[PDB]
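If you want the building blocks of each chain, they are given just below.
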Amino acid sequence: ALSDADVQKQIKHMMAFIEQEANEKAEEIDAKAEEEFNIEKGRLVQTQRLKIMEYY
Amino acid sequence: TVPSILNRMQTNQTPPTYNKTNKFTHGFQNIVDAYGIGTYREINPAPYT
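What comes next is a walk through the structure.

Attention now goes to the overall build of chain A. Along the backbone of chain A there are 1 helix and 0 strands. In summary, chain A has a C-alpha radius of gyration of 24 Å against a globular reference of 10 Å for 56 residues, an excess of more than 25%. A principal-axis box enclosing the C-alpha atoms of chain A has dimensions of 75 × 10 × 10 Å.

With that settled, the discussion passes to the overall build of chain B. Assigned secondary structure in chain B consists of 1 helix and 0 strands. Across its three principal axes, chain B shows a C-alpha extent of roughly 50 × 25 × 15 Å.

Attention now moves to unusual backbone geometry. Excluding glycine, a negative phi dihedral is what most residues carry, and trans is how most peptide bonds are arranged. Residues and elements named next belong to chain B. The backbone phi angle of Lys-20 is positive, close to 50°, even though this residue is not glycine. By the secondary structure assignment, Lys-20 is in the segment before α1 (26–33). One non-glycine residue, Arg-41, lies in the positive phi region at around 65°. Relative to the helices and strands, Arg-41 resides in the segment after α1.

About the cut-offs
- Entry numbering is not used for residues: they are numbered from 1 along each chain in the order the sequence is written, which may differ from it, and residues without coordinates are omitted.
- The lettering of chains begins at A and the numbering of ligands begins at 1, in the order of writing.
- Because the shown chains make up only part of a larger assembly, each value pertains to the shown part and nothing beyond it.
- Note that water and hydrogens are dropped before the side-chain values are worked out from all heavy atoms of the structure.
- Residues with missing side-chain atoms are left out of burial classes, side-chain pairs and their counts.
- To qualify as a helix, a DSSP run of H or I must reach at least 4 residues; to qualify as a strand, a run of E must reach at least 2; elements of each kind are numbered from the N terminus.
- The globule rule used here is 2.2 Å times the number of residues to the 0.38 power, and the radius of gyration it is set against is calculated over C-alpha atoms.

See below:
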């Protein structure tokens, strides 16, 4: 059907589409942020670890 | 999977004129078009010409 309610139904489908795109983008960048925290914190901790091994 | 949509709308632009011309009447339709195409749904002089 092509009523205004059907236009809203298709607009809700497109809202789900934009929600999919935006959620994918946000969680992708946020999970990459978590991995970057992991590796950068690991690199700083690795500097500290190398200091600790030199000392010990 | 999710489909497309075709939408109607309230329109302010003027409709064009179309005639579903056929092989035999094309020349006459052109003859009457030579002096200005008829407005939307006014009587066509082509079938009488």
